[PDB]
Amino acid sequence: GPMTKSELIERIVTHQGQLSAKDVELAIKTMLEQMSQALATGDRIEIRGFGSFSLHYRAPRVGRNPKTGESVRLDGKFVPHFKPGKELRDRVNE
DNA sequence: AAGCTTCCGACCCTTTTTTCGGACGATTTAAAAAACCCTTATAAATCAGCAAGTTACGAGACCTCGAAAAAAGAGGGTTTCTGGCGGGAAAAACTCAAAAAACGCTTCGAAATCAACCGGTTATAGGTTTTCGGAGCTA
């Protein structure tokens, strides 16, 4: 089955129990907040080994509903993007 | 006159100090015993170096007992080091709950993509050098 954030909390807490469990979740949800905020402010998120996690742009377009098929105008906007770093790349490549 | 209380004399018994006598030791003096001297020509000892045979004194050894010293064993005590148990506070699992947040339905058309190779970006592993904190110290 899949791992979740709720399961990360406990597994980190087992492999780093010497830190307070709640200092751990505190840390971990603040650091997710930090990276998401960095994206929301239009910034890189670059690291080594892991990879880099970044932003991309979409131009305005006339899309419209898969259900109803009714014209919908859309303005230009940004979206997150992620490229895996060659260390993680090869770790996940069986 | 009677009863109670307090001295006083008589005495009984044992311990402590003094005096006297007796005994023993030491010293002195006198008496007794052993000894020294004076007469001897003749008999026996003196001694010379070495051999041949013997031993009185020394050395070695062991035992025996007793005592002395040392070592062990015992007992008295104090200081401290550790372990077990008990108790309060914090953490984190456990239980209870909502509200988001994701997922699916479901996308035809818009990105995402990998591939190889160049130059360029930059997070940061690693190392290098240095303020802050604490060492307590001392009255």
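Quick notes on this one:
- Among the criteria (1) under 26 Å from A:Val79 (Cβ atoms); (2) of a type outside the set (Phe, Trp, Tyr); (3) without any contact (Cβ under 8 Å) to a residue 12 or more places away in the chain, the one A:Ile28 does not fulfil is (3).
- Among the residues of the stretch A:48-88, those that are under 18 Å from the mean Cα position of the chain (by Cα) and of a type in the set (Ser, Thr, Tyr) comprise A:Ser52, A:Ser54, A:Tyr57.
- Of all residue pairs spaced 6 or more apart or on separate chains, those with beta-carbon atoms under 9 Å, a first member in the stretch A:73-88 that is within 14 Å of A:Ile45 (Cβ to Cβ) and of a type in the set (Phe, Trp, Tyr) and a second member that is away from DNA strand B (no atom under 11 Å from the Cβ) and assigned to a loop (DSSP other than H, G, I, E, B) are A:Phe78/A:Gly42.
- Scope the stretch A:51-78; condition among the polar types (S, T, N, Q) and either surrounded by 10 or more Cβ atoms within 10 Å (Cβ to Cβ) or assigned to a strand (DSSP E or B) (or both); matching residues: A:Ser52, A:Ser54, A:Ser71
- Checked against the criterion of being of a type in the set (A, V, I, L, M, F, W, C) and near DNA strand B (Cβ under 8 Å from one of its atoms), the stretch A:61-68 contains not a single residue that satisfies it.
- Looking only at the stretch A:1-37, and only at residues there that are within 8 Å of DNA strand B (Cβ to nearest atom) and loosely packed, with under 11 Cβ neighbours inside 10 Å, the one that is nearest to the chain's Cα centre (by Cα): A:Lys22
- For the stretch A:39-49, a residue qualifies if it is more than 7 Å from DNA strand B (Cβ to nearest atom) and touching a residue at least 24 places away in the same chain (Cβ under 8 Å), and the qualifying residues are A:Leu39, A:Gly42, A:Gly49.
Read the figures in this text as sums done on the coordinates, not as results from a lab. In this analysis, Cβ positions are derived from the backbone assuming ideal geometry, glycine residues included, and neighbour counts consider all displayed protein chains.
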